[PDB]
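In what follows, a structure is listed as C-alpha cells, so that the remarks can point back to it.
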Amino acid sequence: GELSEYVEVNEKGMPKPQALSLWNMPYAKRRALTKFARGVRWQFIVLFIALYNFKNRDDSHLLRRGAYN
Amino acid sequence: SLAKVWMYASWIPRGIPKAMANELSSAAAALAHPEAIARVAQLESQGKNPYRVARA
Amino acid sequence: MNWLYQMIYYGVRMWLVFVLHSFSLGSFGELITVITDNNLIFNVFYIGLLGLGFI
Amino acid sequence: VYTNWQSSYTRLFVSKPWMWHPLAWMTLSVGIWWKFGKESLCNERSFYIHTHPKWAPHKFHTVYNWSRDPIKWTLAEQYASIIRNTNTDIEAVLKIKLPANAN
Amino acid sequence: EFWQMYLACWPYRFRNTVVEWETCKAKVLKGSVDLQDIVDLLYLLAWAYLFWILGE
Amino acid sequence: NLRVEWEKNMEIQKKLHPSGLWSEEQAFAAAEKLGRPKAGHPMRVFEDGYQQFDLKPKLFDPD
Amino acid sequence: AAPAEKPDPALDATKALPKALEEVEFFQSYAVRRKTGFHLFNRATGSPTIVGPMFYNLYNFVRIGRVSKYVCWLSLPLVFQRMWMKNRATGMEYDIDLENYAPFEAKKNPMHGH
Amino acid sequence: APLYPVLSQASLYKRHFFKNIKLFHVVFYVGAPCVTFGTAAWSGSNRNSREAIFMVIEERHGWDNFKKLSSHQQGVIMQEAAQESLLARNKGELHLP
Amino acid sequence: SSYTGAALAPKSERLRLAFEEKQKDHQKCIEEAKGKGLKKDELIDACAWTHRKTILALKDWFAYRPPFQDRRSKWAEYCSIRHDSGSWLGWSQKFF
Ligand SMILES: CCCCCCCCCCCCO[C@@H]1O[C@H](CO)[C@@H](O[C@H]2O[C@H](CO)[C@@H](O)[C@H](O)[C@H]2O)[C@H](O)[C@H]1O
Ligand SMILES: COCCOCCOCCOc1ccc(C(C)(C)CC(C)(C)C)cc1
Ligand SMILES: COCCOCCOCCOc1ccc(C(C)(C)CC(C)(C)C)cc1
Ligand SMILES: COCCOCCOCCOc1ccc(C(C)(C)CC(C)(C)C)cc1
Ligand SMILES: COCCOCCOCCOc1ccc(C(C)(C)CC(C)(C)C)cc1
Ligand SMILES: COCCOCCOCCOc1ccc(C(C)(C)CC(C)(C)C)cc1
Ligand SMILES: COCCOCCOCCOc1ccc(C(C)(C)CC(C)(C)C)cc1
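Residue numbers (the deposited numbering), protein chains in the order written: chain R, 10 to 78; chain m, 2 to 57; chain F, 166 to 220; chain J, 2 to 104; chain M, 58 to 113; chain N, 70 to 132; chain P, 7 to 120; chain I, 2 to 98; chain E, 2 to 97.
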C-alpha cells in the first residue's frame, strides 16, 4: 500500500502512523510547524531556484547601454 | 596410439563434405521413388554399378 | 506518466533487440564468410544446405 | 432487422470507441509530424540534414555526393520553373539596400 | 527414370567411396595390384589432374 | 598472397595509398597524371539545416 | 473486494507443453525411414553427427510442399556466382592511378565528406 | 419460394475457391517467390550491387563517359567495379560500416 | 577558447548582413553566367538557387520586427527575462 496523499484513520478520528509518529508533541508546537506549511513542496524549491537566479541574473545588456555609468 | 593421432588429424578434413553427402543421401531416400531405391539395392546385390546402368 | 515511460521503454527495447541481434548475426556471418573465402577448402556447405538454414 | 453494421457506418463508429482509436491515432501521428518533423526535416531550409552521416546515415544508399549535389539542382530546377511561371526578374533582388534599425 | 535413379544412386556412391578407398589401400599395401586396377587408377589420375586444373 | 605482397610493396614505397586510407599526395599525383580534377572539399557544413541537431556546432570564420 | 471466484481450469497451464510436444512428435514421425538406401557419414570417432540424421525429415517435408520446393532453389545459383566473382576479385589487376585517385570506400576521402 | 437472389451452385463452387484459403497457403506460397526474388536474395543483391558499381564508375571513369561507351565495355567496367566492391580491399574485405 | 554567451550583432543587423552575403553570392553567379554568355532563360536555371537564398534571407528580415519600447519590456530587461509585451495571457494567448 502506502498510497500518495492518503491516510487511514482510527476509531478516535486520528491518523494512524504509517512511518513516523508526530502526535505526541503538544498542539502549540504542531500549529507552529504547520501554520506556514502548505500542500505544496516542489514549487517552493523551484521558486528558491528562480530567486537565486534572479539575485544572480545578468545585467551585461544594461552595461552595454550605459545604465551603470 | 598412432591411429588416434591419425583420427584427430584427419577429423577436420574428412568432415567437410560429410554434411552435403548425408544431405544428398537423405534427400535421395526421401524424394526418390522407393522402387528406384529397391532396384539400386538389387543391382548392387548383383555386383553391378547401378549409376553406370542408369547412365547407359 | 509511468504508462508513457513503459511504452517508450519497451518500444525502444524492441527496436534495439531487433536491430542489434540482426546486426550481430549478420556480422558473425560475414566474418565466417571472410574466413572461408580466403580458405576455399572450407568454402563448402559445411553444415548443410537446410541444416544451418532450418536451425 | 436493422443494424448499423449493415445500414449506417456513422452510428456504428459513434457506438464503438475501438473505432475511434485508429482515427485518434492517425490524428495524433499527423500532429506529431506537423509540430516536430515538418519544419525540422521536410522544409527546404532544413532538408540538407538528410546529407548528414550521423543523423541520416545512408539516406541516399551511400554517403551524400556533394560534388554532384542532387538536392541543389532538383530544387533549382523547381525554383526556375516557379520563376518562369511567375515571370519574376532574377536581378531585381540585387537592387535592394536594406536599412538598419539604428540606435 | 534417370532422375530417380540418379537420386537413388547417391547413397550407393557415398557408401562405396570408403569401400573402394579401403580396397585400394589394401591392394597397394599388400601389393596385390593387377592390370585392371592399374587401368582404373590411371583413369582416376587423369580425371583428378583435369579437376586439379579446373580447381586452379 | 601475390596480390597482397604486391600491394604491400607498393604501399611501402608510397606508390599506393595505405589500406583503408585516402592519401593526399598519391591522389593529387594520380589526378595530375590522368589529367582529372583534383580532390577538393565539396561539402558545406554551413548549409541551411545541416548541423542543427549538432550539440557542438562549427563556427564560421573567414581564414 | 472478496468476490470468492472458483478456480477456472482454462486459466491453468497444463496443455501448452503437451501441444508443443505433439507438434514436435508429428514432425519427428516423418523422420521414420527404411533400412534400404540408408547411409550417413558419421564422425571420425564413429559417433553420429547432429544435422546428418535430421535431413531426411526436412526433405520428406520438402517433398510435401507445392511451390517452395520448386522456387526456393532459384536463389542458390547466386551463391556460386559469389563464389566465382570473389575469386575473380582476389587477384584482379587494377590501375594504381585510379586506386589512388578513386579508392572504393576508403577513409578520409573529402569527396565523400570525411 | 425463396424471396432472395438465390445463388447458383457453380457460383458458390467458384467462390469456395477464393474463401477456402488457409493462412499457410498464403504465407509460404507468397514467401517463396518473395524470399527468392526479394530484398534478401536476388532483387536486393542486384539493386545493391548497382549502387556500388555506379559509385565506382562515377569516381573512376565518369557517368557521362560511361554512357558514351558501348554496352559491352559498359558491362566490362561494371563487372570490374562489382569485383572491386565485393572484394572491399579497403574495409579489410568486410562489408561492415 | 570558447564561451556560451550572447549573439554578437543584433537580430536586425544579423539578418541584414546575411541578406548582403546572399546578394553577393547571387551577383557572382549572375556575373559568371553573363561571362559564359547565357541568356535570361538559361540564367534563371543557373542562379535560381542563389535567388531563392536571397529571397529567403529577405523573408527572414521582413518577418522580424525589432521590439517596441514600453514599460513592460524595460521591466523585463531589468529582470533579464524573455518577455512579450503584447500578451495578456502568455503561453495561453496562443489559444485565446
Ligand atoms: C550566515 C552568514 C553567511 C556568510 C556568507 C554569505 C555569502 C552569501 C553569498 C554571496 C555570494 C554572492 O554571489 C555573487 O552574487 C553576485 C550578485 O550578488 C553574482 O553576480 C551577478 O550579479 C551581478 C550584478 O549586476 C551581475 O552583473 C552579474 O552578471 C551576475 O553574475 C555573482 O555571480 C555571484 O558570485
Ligand atoms: C593406358 O594403360 C596402360 C596400362 O599399363 C599397364 C602396365 O602394366 C602393369 C601390369 O602390372 C602387373 C602387376 C601385377 C601383376 C601380377 C603379378 C599380380 C599378375 C596377375 C595380374 C596375372 C595376377 C601383373 C602385372
Ligand atoms: C590428387 O592429385 C591429382 C593430380 O594432381 C597433379 C597435380 O599436377 C600439377 C599440375 O601443375 C600444373 C599447373 C598449372 C598448369 C597450367 C596453368 C599450365 C595448365 C593450363 C594451361 C591448362 C591452365 C599445368 C600444370
Ligand atoms: C516452450 O514453449 C512452450 C510454448 O507452448 C506453445 C503452445 O502453442 C502451441 C501452438 O501450436 C499449435 C498450432 C495449431 C494447433 C491446432 C492443431 C489446434 C490448429 C487447428 C485449430 C487448425 C486444428 C495447435 C497448436
Ligand atoms: C511448429 O513446431 C514444430 C517445430 O518442430 C521442429 C522440431 O525440430 C527438430 C527436428 O529435428 C530432428 C531431430 C532429431 C531427429 C531424429 C534424428 C529424431 C533421431 C533419430 C531418427 C535417430 C531417432 C529428427 C529430426
Ligand atoms: C495453376 O493454375 C492456374 C490456372 O488454373 C485454372 C483453374 O481453372 C479451373 C476452373 O474450375 C472450374 C471448372 C469447371 C467449371 C464449370 C462451370 C465448367 C463446371 C460445371 C459445368 C460442371 C458447372 C467451373 C470452374
Ligand atoms: C518454433 O516455431 C517455428 C515454427 O514457426 C513457423 C512460422 O510459420 C508462420 C505461420 O505459419 C502458420 C501457418 C498456418 C497456421 C494454421 C494452420 C494454424 C492457420 C489456420 C488457423 C488458418 C488454420 C499456423 C501457423
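Ideal Cβ placement from N, Cα and C applies to all residues, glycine included.
- Per DSSP, reduced to three states, the secondary structure at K73(J) is helical.
- The beta-carbon of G43(P) is placed less than 7 Å from the nearest beta-carbon of chain M.
- Not one beta carbon of chain P lies nearer than 7 Å to the beta carbon of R70(M).
- Taking C-beta separations shorter than 6 Å and ignoring five residues to either side along the sequence, the partners of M79(N) in its chain run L85, following chain order.
- What you get when you keep residues with a C-beta closer than 7 Å to any heavy atom of ligand 7 is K23(I), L24(I), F25(I) and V28(I).
- Only residues of its own chain outside the window of five on either side were considered, and among them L95 and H96 have a CB closer than 8 Å to the CB of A89(I), listed in chain order.
- At a cut-off of 7 Å between beta-carbon atoms, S41(J) makes no contact with chain P.
- Burial state of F47(P) is buried, judged by a 10 Å Cβ sphere holding 16 or more other Cβ atoms.
- For a Cβ distance threshold of 9 Å, nothing in chain N lies close to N66(I): the least Cβ distance comes to about 11 Å.
- At the C-beta level, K102(N) and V114(N) stay beyond 7 Å of one another.
- In the structure shown, the three-state DSSP call for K25(P) is helix.
- Residue side-chain check: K25(P) places its Cβ nearer than 6 Å to a non-hydrogen atom of ligand 4.
- Considering only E58(M), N73(M) and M62(M), the residue with the shortest C-alpha distance to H45(P) is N73(M).
- Three or more Cβ pairs closer than 8 Å define a contact, and the region 16-33 of chain E meets that threshold against the region 57-73 of chain E.
- In chain order, the residues with a C-beta atom nearer than 7 Å to some heavy atom of ligand 1 are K64(R), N65(R), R66(R), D67(R), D68(R) and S69(R).
- The C-beta of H62(J) comes closer than 7 Å to at least one C-beta of chain I.
- Summarising the contact set, residues whose Cβ lies nearer than 7 Å to any heavy atom of ligand 2 are, in chain order, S89(M), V90(M), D91(M), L92(M), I95(M), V96(M) and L99(M).
- The C-beta of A103(M) comes no closer than 7 Å to any C-beta of chain m.
- Residues of the same chain with their beta carbon placed closer than 6 Å to that of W7(m) are lacking, with the five preceding and five following residues left out of the count.
- Annotation: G43(P) is outside any alpha helix (DSSP H) and is labelled neither H nor E by DSSP.
- Counting only Cβ-Cβ distances below 7 Å, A57(m) has no contacts in chain F at all, with the closest Cβ about 30 Å away.
- Residue environment: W67(M) is assigned as buried (16 or more neighbouring CB atoms within 10 Å of its CB, all protein chains considered).
- The region 17-31 of chain P makes no contact with the region 65-72 of chain R, as fewer than three CB pairs between them are under 8 Å.
- Ordered by chain, the residues meeting the criterion of a beta-carbon within less than 5 Å of a non-hydrogen atom of ligand 5 are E29(P), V30(P), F33(P), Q34(P), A37(P), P59(P), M60(P) and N63(P).
- Shortest gap from the CB of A22(P) to any heavy atom of ligand 4: under 6 Å.
- Chain-order list of chain P residues neighbouring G213(F): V57 and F61, by C-beta distance under 7 Å.
- In this structure, the beta-carbon distance from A82(I) to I54(I) falls below 7 Å.
- Under the DSSP definition of a beta bridge, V18(R) partners with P24(R).
- Taking the beta carbon of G216(F) as reference, the chain m residues within 8 Å of it are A20 and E24, listed in sequence order.
- The continuous alpha helix (DSSP H) containing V36(I) extends over residues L24 to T37.
- DSSP places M8(m) in the uninterrupted alpha helix (DSSP H) bounded by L3 to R15.
- Residues of chain P whose Cβ lies closer than 7 Å to the Cβ of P54(J) are, in chain order, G119.
- In summary, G58(P) is buried, with 16 or more beta-carbon neighbours lying within 10 Å of its beta-carbon over all protein chains present.
- Here the alpha carbon of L44(E) sits roughly 15 Å from the alpha carbon of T87(J).
- Using a Cβ-Cβ distance cut-off of 8 Å, the region 175-184 of chain F and the region 89-100 of chain M are not in contact, since fewer than three pairs of beta carbons, one from each stretch, lie closer than that value.
- Here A8(E) has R15 as same chain residues with Cβ atoms under 8 Å from its own Cβ, once five neighbours each way along the sequence are excluded.
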